[PDB]
Number of protein chains: 2
Amino acid sequence: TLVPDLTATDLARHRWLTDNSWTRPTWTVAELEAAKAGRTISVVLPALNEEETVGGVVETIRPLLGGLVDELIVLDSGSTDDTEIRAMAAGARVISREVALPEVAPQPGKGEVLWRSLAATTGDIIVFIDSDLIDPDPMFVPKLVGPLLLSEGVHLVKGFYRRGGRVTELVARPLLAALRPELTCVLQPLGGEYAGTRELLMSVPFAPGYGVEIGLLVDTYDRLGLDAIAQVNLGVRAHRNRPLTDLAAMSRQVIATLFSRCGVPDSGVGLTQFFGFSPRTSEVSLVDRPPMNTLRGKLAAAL
Amino acid sequence: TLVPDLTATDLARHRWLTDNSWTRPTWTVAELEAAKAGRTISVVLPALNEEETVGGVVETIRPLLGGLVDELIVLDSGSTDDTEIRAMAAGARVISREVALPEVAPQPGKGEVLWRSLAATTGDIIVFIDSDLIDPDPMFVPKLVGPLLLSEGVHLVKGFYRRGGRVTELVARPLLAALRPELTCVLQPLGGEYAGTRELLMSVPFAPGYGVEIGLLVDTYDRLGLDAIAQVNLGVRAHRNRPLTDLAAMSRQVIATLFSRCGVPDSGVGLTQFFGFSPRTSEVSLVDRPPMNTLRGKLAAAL
Ligand SMILES: Nc1ccc(C(=O)O)cc1
Ligand SMILES: Nc1ccc(C(=O)O)cc1
Ligand SMILES: [Cl-]
Ligand SMILES: [Cl-]
Ligand SMILES: [Cl-]
Ligand SMILES: [Cl-]
Ligand SMILES: [Cl-]
Ligand SMILES: [Cl-]
Ligand SMILES: [Cl-]
Ligand SMILES: [Cl-]
Ligand SMILES: [Cl-]
Ligand SMILES: [Cl-]
């Protein structure tokens, strides 16, 4: 809604950018592990057909398994390439969507995968890391759990890179300025590298498809306020030059998910693209998976 | 609002793409001039500091002056370079914002310029052409007025190019799919080359800044329906590689203007961009210029 008391100038000077934003995190693995205090950490990599990169991501994380990290899972989304065997060969446990939650038939898209991984994991903290990363850094998981383990009151940590992204810069952040202005303090709201506490994640809906990350950001903000969110610098990463046609369909789902969270009536109509004319249509989903907490008791595996 | 009866598939197969969309316009200047039937045509080029390109755009249009075109005006927006003298030297009349409407102090931005040009022009049809075009084609004005002069019931003509644009493809068209799905049939809703009848243009508000084009599209659609809009192929044009930082600020104003037209409460908060951090803020306007018709009677020059 209309917030004429807030300006872009005092968003740039917002105290949150100091106390909840780590440009140069200096935490050690040993001192993070010391702060677990009986909490466990689950790392989840969503994956659909990522055979060329999934092993390299898993290998950056595997040395933490059994110390800082308690579970390392690739949640496979129906890959037909060698994603699964390569993740296993790299030292990760691989769980299909069906095995994560066999009572419920899979919907397509990324959010489904992350939602199901709540039923497959046991960590008090869950870290999500994209499996398509071309050059992952082994300090990702430590930097993401830093504010959860050491700060107070943080429940969602968003990892950003110094160069980000055409959808992030033209779609997500300008819409947040219009609909959730305080969230413009988040550098990369769509980023795939982030960590959350279990109670938070079990009690929010998961948006479908590519809306999942911005949906968690906005639901966490709405539920707990800006102080409960933090961001940390993961380092440098090259913008993978994705086709604008793919980015357009993803943008449409980002819009749908944000409108869904902000009371904006979305038409539900998918995006048409023209290239006479050669038309290309995509679909968009307006239906969340409900909070996983609502399924407690009905599951053959406890939550 | 929610339109679950419409899908992206039947938008791609929409009859409008045949009867109101000209992929290969074949009109001659002589036969268009024959159809004027006493209507006059005003061509308007908005311009702020366009000394390198404005003359070349004017020269592509000047041979039509006195035949198909009755007025050729560059509406200068406070240029400090040689925009004005170069437009004059190319054969255009140059009118400042103040001379267009001296009773009202200028607001910044492009929409202000186009709104003021309604008071400075006399054509029954007004054609807007950007002055920063690097390679304008002399058939722009004929192709834009074709459907106005020959078809029935068209009041707004949008000229598109075969390659368009990151803001168009990731922001404008996906938001239209969410908020005004039928308008996704328009290939380039933000395009600067378009023509409109005077009665229509005098009776709609003009959005400020870079929102002006999408605001006219949505107001025309809301007021008169999709049949009153048409689009024509102008040919090929190179995407001028504008900085993503500029595109982000323009996207924010596009969003504000669309939310303004579609009942979506916009925060009014400008876009912050970060590059410690180096913050960069822009402003956004939620205030239209009212329909120029509302100022009739109060102007020292008649409308
Ligand atoms: N079904 C899908 C599962 C995962 C992903 C992804 O990780 O980007 C995308 C689609
Ligand atoms: N004040 C302005 C006037 C004109 C333009 C433009 O034509 O892009 C931009 C700004
Ligand atoms: Cl502001
Ligand atoms: Cl800091
Ligand atoms: Cl089901
Ligand atoms: Cl992006
Ligand atoms: Cl919580
Ligand atoms: Cl659809
Ligand atoms: Cl046609
Ligand atoms: Cl004034
Ligand atoms: Cl564009
Ligand atoms: Cl009208």
# chains A, B, ... in the order shown; residues from 1 in each chain; ligands from 1

call {"tool": "residues_near_ligand", "arguments": {"ligand": "ligand 6", "cutoff": "7 Å", "atoms": "only C-alpha atoms and all ligand atoms", "output": "PyMOL selection string"}}
result
chain A and resi 164-168+190

call {"tool": "write_last_selection", "arguments": {"atoms": "N, CA and C atoms", "output": "mmCIF file, in the first residue's frame"}}
result
data_model
loop_
_atom_site.group_PDB
_atom_site.id
_atom_site.type_symbol
_atom_site.label_atom_id
_atom_site.label_comp_id
_atom_site.auth_asym_id
_atom_site.auth_seq_id
_atom_site.Cartn_x
_atom_site.Cartn_y
_atom_site.Cartn_z
ATOM 1 N N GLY A 164 22.300 -8.070 -8.894
ATOM 2 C CA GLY A 164 22.886 -9.003 -9.837
ATOM 3 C C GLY A 164 21.870 -9.908 -10.515
ATOM 4 N N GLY A 165 21.620 -9.639 -11.800
ATOM 5 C CA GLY A 165 20.631 -10.361 -12.582
ATOM 6 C C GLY A 165 19.589 -9.429 -13.172
ATOM 7 N N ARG A 166 19.174 -9.674 -14.417
ATOM 8 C CA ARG A 166 18.185 -8.799 -15.038
ATOM 9 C C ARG A 166 16.822 -8.938 -14.376
ATOM 10 N N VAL A 167 16.435 -10.154 -13.988
ATOM 11 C CA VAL A 167 15.142 -10.281 -13.307
ATOM 12 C C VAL A 167 15.212 -9.636 -11.926
ATOM 13 N N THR A 168 16.324 -9.829 -11.217
ATOM 14 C CA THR A 168 16.467 -9.222 -9.896
ATOM 15 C C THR A 168 16.396 -7.696 -9.976
ATOM 16 N N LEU A 190 16.090 -12.958 -5.090
ATOM 17 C CA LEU A 190 15.791 -14.205 -5.775
ATOM 18 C C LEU A 190 16.873 -15.254 -5.588
#

call {"tool": "residues_around", "arguments": {"residues": "residue A:79", "least_positions_apart": "2", "cutoff": "9 Å", "atoms": "only C-alpha atoms", "output": "number ranges by chain"}}
result
A: 47-51, 76-77, 81-84

call {"tool": "interface_residues", "arguments": {"of": "chain B", "to": "chain A", "cutoff": "7 Å", "atoms": "only C-alpha atoms", "output": "number ranges by chain"}}
result
B: 1-4, 6-9, 12, 23, 167, 169-171, 174, 177-179, 181, 184, 247-248, 251-252, 264-272, 276, 279, 281

call {"tool": "residues_near_ligand", "arguments": {"ligand": "ligand 1", "cutoff": "10 Å", "atoms": "only C-alpha atoms and all ligand atoms", "output": "PyMOL selection string"}}
result
chain A and resi 45-50+74-79+97+106-114+128-132+192+208-210

call {"tool": "atom_distance", "arguments": {"atom1": "atom CA of residue B:91", "atom2": "atom CA of residue B:239"}}
result
27.4 Å

call {"tool": "closest_residue", "arguments": {"among": "A:40, A:60, A:96, A:233", "to": "ligand 4", "atoms": "only C-alpha atoms and all ligand atoms"}}
result
A:233

call {"tool": "residues_around", "arguments": {"residues": "residue B:148", "least_positions_apart": "2", "cutoff": "12 Å", "atoms": "only C-alpha atoms", "output": "ChimeraX atom specification"}}
result
/B:20,32-33,35-37,39-41,124-127,141-146,150-158,194-198,228-232

call {"tool": "write_last_selection", "arguments": {"atoms": "N, CA and C atoms", "output": "short mmCIF file (atom, residue, chain, number, x, y, z; two decimals), in the first residue's frame"}}
result
data_model
loop_
_atom_site.label_atom_id
_atom_site.label_comp_id
_atom_site.auth_asym_id
_atom_site.auth_seq_id
_atom_site.Cartn_x
_atom_site.Cartn_y
_atom_site.Cartn_z
N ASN B 20 -5.92 -6.15 -36.47
CA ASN B 20 -5.37 -4.90 -35.96
C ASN B 20 -3.85 -4.92 -35.88
N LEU B 32 -2.68 7.46 -48.49
CA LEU B 32 -2.97 7.92 -47.13
C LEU B 32 -3.40 9.38 -47.14
N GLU B 33 -2.66 10.22 -47.88
CA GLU B 33 -3.02 11.62 -48.00
C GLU B 33 -4.42 11.79 -48.58
N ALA B 35 -6.86 9.93 -48.00
CA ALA B 35 -7.84 9.54 -47.01
C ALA B 35 -7.91 10.50 -45.83
N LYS B 36 -7.12 11.58 -45.83
CA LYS B 36 -7.15 12.50 -44.70
C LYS B 36 -8.54 13.11 -44.52
N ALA B 37 -9.21 13.42 -45.63
CA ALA B 37 -10.59 13.92 -45.62
C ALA B 37 -10.75 15.12 -44.69
N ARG B 39 -8.92 15.88 -42.07
CA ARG B 39 -8.14 15.72 -40.86
C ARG B 39 -6.73 16.21 -41.11
N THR B 40 -6.10 16.72 -40.06
CA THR B 40 -4.72 17.15 -40.12
C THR B 40 -3.89 16.24 -39.23
N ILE B 41 -2.59 16.20 -39.50
CA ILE B 41 -1.67 15.31 -38.80
C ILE B 41 -0.53 16.15 -38.25
N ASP B 124 -5.72 16.81 -35.95
CA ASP B 124 -6.73 15.84 -35.50
C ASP B 124 -6.09 14.51 -35.14
N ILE B 125 -4.93 14.22 -35.72
CA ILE B 125 -4.10 13.06 -35.41
C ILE B 125 -2.73 13.57 -34.99
N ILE B 126 -2.17 12.97 -33.94
CA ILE B 126 -0.86 13.34 -33.43
C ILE B 126 0.01 12.09 -33.44
N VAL B 127 1.19 12.21 -34.04
CA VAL B 127 2.15 11.12 -34.13
C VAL B 127 3.35 11.50 -33.28
N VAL B 141 6.00 7.66 -40.11
CA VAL B 141 4.74 8.39 -39.99
C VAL B 141 3.66 7.79 -40.88
N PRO B 142 3.92 7.41 -42.14
CA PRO B 142 2.86 6.77 -42.93
C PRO B 142 2.35 5.48 -42.32
N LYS B 143 3.25 4.63 -41.82
CA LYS B 143 2.80 3.37 -41.26
C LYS B 143 2.01 3.56 -39.98
N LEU B 144 2.32 4.60 -39.20
CA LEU B 144 1.61 4.82 -37.94
C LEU B 144 0.21 5.37 -38.16
N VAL B 145 -0.01 6.16 -39.21
CA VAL B 145 -1.32 6.77 -39.44
C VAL B 145 -2.20 5.92 -40.34
N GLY B 146 -1.66 4.86 -40.93
CA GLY B 146 -2.40 3.97 -41.78
C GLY B 146 -3.72 3.53 -41.18
N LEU B 150 -7.42 4.66 -42.57
CA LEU B 150 -8.08 3.70 -43.45
C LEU B 150 -8.97 2.72 -42.71
N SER B 151 -8.49 2.12 -41.62
CA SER B 151 -9.35 1.25 -40.84
C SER B 151 -10.45 2.06 -40.17
N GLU B 152 -11.36 1.34 -39.53
CA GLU B 152 -12.46 1.94 -38.78
C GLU B 152 -12.31 1.58 -37.31
N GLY B 153 -12.49 2.58 -36.45
CA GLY B 153 -12.53 2.32 -35.02
C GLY B 153 -11.18 2.26 -34.33
N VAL B 154 -10.08 2.49 -35.04
CA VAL B 154 -8.77 2.53 -34.41
C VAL B 154 -8.48 3.96 -33.98
N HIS B 155 -8.03 4.12 -32.73
CA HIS B 155 -7.66 5.42 -32.21
C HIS B 155 -6.24 5.50 -31.67
N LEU B 156 -5.56 4.37 -31.52
CA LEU B 156 -4.17 4.35 -31.06
C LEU B 156 -3.40 3.33 -31.88
N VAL B 157 -2.28 3.73 -32.47
CA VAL B 157 -1.46 2.82 -33.28
C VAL B 157 -0.07 2.76 -32.67
N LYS B 158 0.40 1.55 -32.36
CA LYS B 158 1.70 1.34 -31.74
C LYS B 158 2.65 0.74 -32.77
N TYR B 194 4.28 6.07 -32.04
CA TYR B 194 2.86 5.76 -31.98
C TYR B 194 2.05 7.00 -32.35
N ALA B 195 0.79 6.75 -32.75
CA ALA B 195 -0.11 7.78 -33.23
C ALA B 195 -1.47 7.65 -32.55
N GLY B 196 -2.13 8.79 -32.33
CA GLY B 196 -3.43 8.79 -31.66
C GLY B 196 -4.30 9.91 -32.18
N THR B 197 -5.61 9.72 -32.06
CA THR B 197 -6.54 10.77 -32.46
C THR B 197 -6.64 11.82 -31.35
N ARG B 198 -6.99 13.06 -31.73
CA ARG B 198 -6.91 14.14 -30.76
C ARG B 198 -7.93 13.97 -29.63
N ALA B 228 -9.81 -0.74 -30.44
CA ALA B 228 -9.42 0.63 -30.74
C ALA B 228 -7.91 0.81 -30.83
N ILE B 229 -7.14 -0.25 -30.58
CA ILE B 229 -5.68 -0.21 -30.62
C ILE B 229 -5.21 -1.06 -31.79
N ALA B 230 -4.14 -0.62 -32.45
CA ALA B 230 -3.55 -1.35 -33.55
C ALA B 230 -2.03 -1.22 -33.46
N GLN B 231 -1.32 -2.14 -34.12
CA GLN B 231 0.13 -2.07 -34.17
C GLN B 231 0.61 -2.39 -35.58
N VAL B 232 1.72 -1.76 -35.98
CA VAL B 232 2.26 -1.90 -37.33
C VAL B 232 3.77 -2.10 -37.27
#

call {"tool": "residues_near_ligand", "arguments": {"ligand": "ligand 7", "cutoff": "9 Å", "atoms": "only C-alpha atoms and all ligand atoms", "output": "VMD selection string"}}
result
chain A and resid 155 197 to 204 220 223 to 224

call {"tool": "closest_residue", "arguments": {"among": "B:258, B:118, B:234, B:302", "to": "residue B:289", "atoms": "only C-alpha atoms"}}
result
B:118

call {"tool": "select_by_dssp", "arguments": {"residues": "stretch 22-213 of chain B", "states": "strand (DSSP E)", "output": "MDAnalysis selection string"}}
result
chainID B and resid 22 41:47 71:76 93:96 125:128 156:162 194:197

call {"tool": "select_by_dssp", "arguments": {"residues": "stretch 10-189 of chain B", "states": "helix (DSSP H, G or I)", "output": "MDAnalysis selection string"}}
result
chainID B and resid 10:12 16:19 29:34 54:64 83:89 97:100 110:120 140:149 166:179 181:185
